[PDB]
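Have a look below at one chain only, the form deposited in one PDB entry, in structure tokens format.
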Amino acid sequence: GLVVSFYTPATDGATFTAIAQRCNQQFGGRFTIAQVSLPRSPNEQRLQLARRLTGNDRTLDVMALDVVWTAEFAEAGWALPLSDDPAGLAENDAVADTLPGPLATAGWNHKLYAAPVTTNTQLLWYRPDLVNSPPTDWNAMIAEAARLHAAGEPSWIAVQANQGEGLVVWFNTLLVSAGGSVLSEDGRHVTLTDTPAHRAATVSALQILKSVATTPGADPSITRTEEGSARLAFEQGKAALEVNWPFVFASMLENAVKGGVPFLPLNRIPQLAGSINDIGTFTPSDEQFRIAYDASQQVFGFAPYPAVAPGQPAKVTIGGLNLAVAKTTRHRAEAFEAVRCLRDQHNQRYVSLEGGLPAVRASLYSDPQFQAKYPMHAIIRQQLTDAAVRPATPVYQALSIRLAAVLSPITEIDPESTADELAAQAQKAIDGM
């Protein structure tokens, strides 16, 4: 039968290949989904897709889009509205049993242009054997890192951010938590410095970035261009504090069982032998999960994203992936049917428990079987309820490149002058409409 191509970030390729393989057993030979990988950064994911869409690649069917690409892809006509499903089923499927934060990321001008499949929100991860209590706010993060440094313990604050989208995400979370916003609601005005309250919020966020950058024991790689992984930095013992998306939980257990985490040698537990399956995925029994998780609790804990102001939780920038059907497809009906299978209940459970990516289905966050294997479920659902959002705008690509070039390196931030530079660069981006 026909093949529905399914483009996804390469780092999620194995997870989505597995989901596609399950979805291929249930179409009655009518068709096959074929996963195809995209590059690592959101901007290169977008670029590969945009070049196929403008090139009229008629083999491109389903795309897993970062949440920030909806406006551009809807406005360009590249993502079909869900109302273009010939079966008329896609819109109701996308909303039913789906958390509202993820859904909002999939809309443009009051219509859905994609079906959420994964969401994302950052948590604090820490070494409980080195850090007595998890820092509750950024001042406490800095104080704990300085303490670790003076004790000769690992002292980096490993935030998943370099010089790209992740740095923009970090800034956006600090900014919205402080009451600021990059753009107005409609995306037509820059709101970083246009009122005193907005300017004060921008300055407070930049002050946090600069303070973290210049804390004793800070990662010397802030001032370098080389890409870094906060996930690997922590797994290697180079940081005892990490701010990152929740896939690091699955990664900690799997890499520990593979032998890749020196302070958690789960591969030396005979009961865990053979729990990595034949293509490299940790697939434990219930007992093996208990053993691995219980052992991990001595050296790996999680907690809310640090607060920006003492006494109120942060507003944490939402992330994730939405499934869109490309205007190029020669088989809209099967592409939308594939989208519904790829996000069904069983595959949502899989994408979180094995793939490490937070599910979008509200039912799972209320399901004790899911909660038992996804122990950060309550913090995740709370942070998705009061999430910050990056600006929705068709010129997001240019806005984010401009903002990230100003913010990096964060050691060079001067709150007041950087605030004005950010606002001017943001204005250049939206002056391309």
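Numbers for residues come from their place in the sequence shown, where the first is 1. Rigid core: the largest C-alpha set superposing within 1.5 Å between the two forms.
There is also a form deposited in another entry; it is not shown, and the following applies to it.
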Study note, to complete from the structure: Only one of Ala74, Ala205, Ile318, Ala230 shifts its Cα by 2 Å or more between the shown form and the other one once the rigid core is superposed, namely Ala74
Exercise for review: Please say whether, between the shown form and the other one, the C-alpha of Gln35 moves by 2 Å or more once the core is aligned.
Suggested key: yes
Check your understanding: Is there a C-alpha shift of 2 Å or more at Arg349 between the shown form and the other one once the rigid core is superposed?
Key -> yes
Point to revise | Yes/no, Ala90 Cα shift of 2 Å or more between the shown form and the other one with rigid core fixed | key: yes
Practice item. Taking the shown form as the reference, report whether the CA atoms of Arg343 and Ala250 lie closer or farther apart in the other form; the distance changes by 3 angstroms or more. Key: farther
Exercise for review: Please say whether the CA atoms of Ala143 and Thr223 come closer or move farther apart in the other form, knowing the change relative to this form is 3 Å or more.
Suggested key: closer
